[PDB]
Each structure stands twice: as structure tokens, then as C-alpha cells.
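Count along the first sequence from 1, add 26, and you get the number used in this note's numbering.
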Amino acid sequence: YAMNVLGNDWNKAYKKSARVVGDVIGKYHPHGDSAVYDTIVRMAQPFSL
DNA sequence: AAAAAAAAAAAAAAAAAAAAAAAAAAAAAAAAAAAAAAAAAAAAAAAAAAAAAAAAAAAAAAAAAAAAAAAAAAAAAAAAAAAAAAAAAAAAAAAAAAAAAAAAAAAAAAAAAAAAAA
Numbered sequence: 027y028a029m030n031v032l033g034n035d036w037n038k039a040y041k042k043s044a045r046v047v048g049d050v051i052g053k054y055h056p057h058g059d060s061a062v063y064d065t066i067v068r069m070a071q072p073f074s075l
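Below, the structure is given as C-alpha cells:
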């Protein structure tokens, strides 16, 4: 939801993980940046999902 | 073959550390002035020594400041309670010599392989 609200569309330039993690922690998910970045990393990997 | 403990998966909680770059301070370790202390020379004020002397303890005795007695009154110091400072007694400890177990080099000799001769 945070990535969709920011505008990280599949046909647009990449945004840094720091910005997305900061937006998620600030707005929606108050549980520390390291876990959120680990979830983003696992979602991005081609051998996990 | 039963019990027990490690480890790994992924979203969660919470931490820790190494360097660069300049300018100032603070420890901490050195050369190097600078003065005590000590060994070994010559040198020179003090004790000795003697004769010669006269200044202060004895002695008479008055008298004038005195130390014990009496009294009143003020209140310093001593011993008993508590409450802090500061030092030996005893025990503990981190590196540190001693011992024991695993990694790397060593060649003796042979299995398997590669290569070529007639």
C-alpha cells in the first residue's frame, strides 16, 4: 500500500528502499525499519517467492 | 530404540564497533641544566699552655613583695553516650610457565595413467 501510494509503478524509475521503509514506518507500520527492509528484501528475491 | 539439545526457516524486541580529517589538551617518557654529595690535595683558626689578674658568691641584717588562709562566685575539663576517618588482616585474581593434541612437510614405494618403439 505504501509503494502504491508513493507511485512506484512497474514502468517508472526505481525509488530507494530507505524512502519506502521510512514512509511505511512513519505512516502505517510502527515496528522498526530492519524488519520492514527484511520483508521487502524477501519480496524482491527471485528464489524466495 | 528412547530422551535431550542444536540449527534453520520469518516477522518482532533490543543493542555494539573500526577508520578519516584538524586543533587543542593531557599523560608519559626521554636529554640535559643544575645543584647535593663524596674523594682527595693544601692549608689556617682553635685548643693547648702558661703566667697573671680582679668580679661576684659569702656574710651581717632590715624590709617589702610575697604564698598560705579565708571567702565568694564562674564555669574549664572529664567521663559517658553516639557518630565518622583511616589503617592491617585475610582472601582473591590474571598473566604465565607447563603440558598435551592437531596441522604441514617429508620422502619410500606402487597403481594408474600417458606416451612412444619396433
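By construction, the Cβ of each residue, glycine as well, lies at the ideal position given by its N, Cα and C atoms.
Boundaries of the alpha helix (DSSP H) in which residue i is found, first to last residue
i, result
"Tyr63", "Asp59 to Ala70"
"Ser43", "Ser43 to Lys53"
Sub-8 Å separation of residue i and residue j beta-carbons
i, j, result
"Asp49", "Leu75", "no"
"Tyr27", "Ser43", "no"
"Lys41", "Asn34", "yes"
"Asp59", "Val67", "no"
Where residue i falls: helix, strand or coil (DSSP)
i, result
"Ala39", "coil"
"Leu32", "helix"
Neighbourhood of residue i by C-beta distance below 6 Å, restricted to the same chain and skipping five residues each side
i, result
"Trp36", "none"
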